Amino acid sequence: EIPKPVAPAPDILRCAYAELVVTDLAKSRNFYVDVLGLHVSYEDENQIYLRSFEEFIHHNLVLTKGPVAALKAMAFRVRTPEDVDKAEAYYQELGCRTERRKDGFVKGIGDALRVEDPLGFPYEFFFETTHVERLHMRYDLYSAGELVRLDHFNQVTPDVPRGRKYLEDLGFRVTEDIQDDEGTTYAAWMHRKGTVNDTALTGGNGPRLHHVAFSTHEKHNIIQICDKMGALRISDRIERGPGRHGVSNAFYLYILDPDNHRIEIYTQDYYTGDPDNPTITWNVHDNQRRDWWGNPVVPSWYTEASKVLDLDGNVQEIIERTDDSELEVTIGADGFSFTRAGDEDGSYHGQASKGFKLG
């Protein structure tokens, strides 16, 4: 159990950026800039700094060339410079390794703290960042698939309640989760900025990074990304979707970058900023919980995720989940799901929905 510090939690505003290590900078650039249309704030032979259409901070995504593709940092912006000091004291009380750089780890960020958190994830906290031209009315640049914001991260961790408790102490509030009747938790979503999530926990072997999510304005923008990937003959990099989520109610798509980092495209979740925002718990066997239309969840969604680094740049050792597997209990040979609770019509046993089993 991760203790609650006496030291006050930093006031976290929102997810702000991720630094992903990539193996081939030019191929990664082709994906994030030419395919997805993100906007370059800075680049050189070592790194590409990218932002979304409506962002004013320096970036939402740093692509860093390195030997092993991995998450290097998931960064949250805090409310004041003083909250970076609060972050440092807080994680020091937790007994985590921390590293503080007054002039930042990446360009366009100032005073920053990186930590190996209690779940093995490299978190960054910062306030100071270089402002850039906010492109929100640059309709001369707007693409048919425009990514307009960074919305959230999603983390794979073996023990969801243990991680949830720690994130609650840090000020994140649970919006939705997935459980079964025998009391196992499979996933939880939690926020600071008044949307369904800023980070989320997916049960699985970890620490691994499940995905980073960007939003679009409208559903047709997500459709266009799919259409464009078809035209580029890279439909094999469309992992899952598009669909409507149960959890979050957002329209969604999952795609894979050249190093298999998973990117979610997302729109039209709901407001969660009231403190008594009603929590929603889904049964793991409800076949509308992940895709509201009942479409099957592709097995790689449950099995594959990115390595994460420690503060030395080495890959974090993975710890196996011992709680039940969502894949197994829903779409594996022993699994089951339902459309209507208690109704055998529209229920699936030992296979996925829509007539498929696991390949």
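Start at 1 and count along the sequence shown; that's the residue number.
- As listed in the deposited structure, the average C-alpha B-factor of 248 to 256 and of 197 to 205 is greater for 197 to 205.
- Of the two segments examined, 137 to 145 and 79 to 87, it is 79 to 87 that shows the higher average Cα temperature factor in the deposited entry.
- Across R262, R240, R100, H191, the entry's maximum B-factor at the CA atom is seen for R100.
- Set against one another, the Cα B-factors of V308, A333, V33, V62 in the record reach their highest point at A333.
- In the PDB entry, a CA B factor belonging to the lowest third of its chain's modelled residues is recorded for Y186.
- Sort the chain's modelled residues by C-alpha temperature factor and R289 lands in the lowest third, per the entry.
- Among all modelled residues in this chain, the alpha-carbon of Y123 has a temperature factor (C-alpha) in the middle third.
- Among all modelled residues in its chain, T267 ranks in the lowest third by Cα B-factor.
- In the deposited entry, the Cα temperature factor of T157 places it in the middle third of its chain's modelled residues.
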